[PDB]
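Engineer: Here is the sequence, then the experimental structure:
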Amino acid sequence: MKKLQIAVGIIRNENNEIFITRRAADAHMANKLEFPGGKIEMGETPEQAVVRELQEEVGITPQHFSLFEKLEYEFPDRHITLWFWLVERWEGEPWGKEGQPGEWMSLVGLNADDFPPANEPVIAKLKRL
Ligand SMILES: Nc1nc2c([nH]c(=O)n2[C@H]2C[C@H](O)[C@@H](COP(=O)(O)O)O2)c(=O)[nH]1
Ligand SMILES: OC[C@H]1O[C@@](CO)(O[C@H]2O[C@H](CO)[C@@H](O)[C@H](O)[C@H]2O)[C@@H](O)[C@@H]1O
Ligand SMILES: [Mg+2]
Ligand SMILES: [Mg+2]
């Protein structure tokens, strides 16, 4: 079974809103809401990966960020390790840089059912802040 390391960024503004994108209809976890992110490549660290992925996907450079949660999840056809970075400072303004839907969502209003099931403990912990 495919085994992947994935780095994602929880992009939180000053009004307790998170920048959330929606996955393509033909992707793994199609049509789900997501934290921007993607696969950690050979030769790059988890910290470098979340910077690169947020630059590619939403056009920001995260800075002074922290590891909010790291977990493993077994999907029906792949195993992934997710690195959830809490990003409260960045350069740039997030947008749908890859043509994908993106918008600011209140943290209290997040519905874990809208996200991949791997995100369930993270969304709960975020609402604990
Ligand atoms: N980008 C992103 N991927 C997620 C999240 N939760 C989650 O299970 N995944 C999975 C879906 C994909 O299998 C993989 C991400 O890789 P891509 O973004 O390259 O598709 O990680 C998330 O919040 N953000
Ligand atoms: O691992 C993140 C953790 O490390 C600290 C320093 O103790 O921050 C460092 O690492 C971050 C991720 O690369 C950088 O963004 C940051 O500038 C650097 O100091 C903690 O702040 C953080 O919890
Ligand atoms: Mg991605
Ligand atoms: Mg990507």
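Structural biologist: Perfect, I can see it now. Numbers count the residues shown, from 1 in each chain. Ligands and ions are numbered 1, 2, ... in the order given.

Engineer: How about the residues of the protein by ligand 1?
Structural biologist: 6, 8, 27-29, 34-35, 37-39, 80, 82, 116, 118-119 (C-beta under 6 Å from any ligand atom). The way it works is simple: take the backbone N, C-alpha and C, and place the C-beta from them, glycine included.

Engineer: ok, and the most crowded of those residues?
Structural biologist: Of all the residues of the chain next to ligand 1, the most densely surrounded is residue 35 (29 neighbours; neighbours counted as other C-beta atoms under 10 Å).

Engineer: out of the residues of the chain next to ligand 1, which are inside strands?
Structural biologist: Taking DSSP state E, the ones among the residues of the chain next to ligand 1 that sit in strands are 6, 8, 34, 37, 38, 39, 80, 82.

Engineer: Just give me the neighbour total for residue 20.
Structural biologist: Neighbourhood size, residue 20 [other C-beta under 10 Å]: 20.

Engineer: That one reaches residue 105, doesn't it?
Structural biologist: Yes - under the criterion of C-beta atoms under 8 Å, residue 20 makes contact with residue 105 at 4.8 Å.
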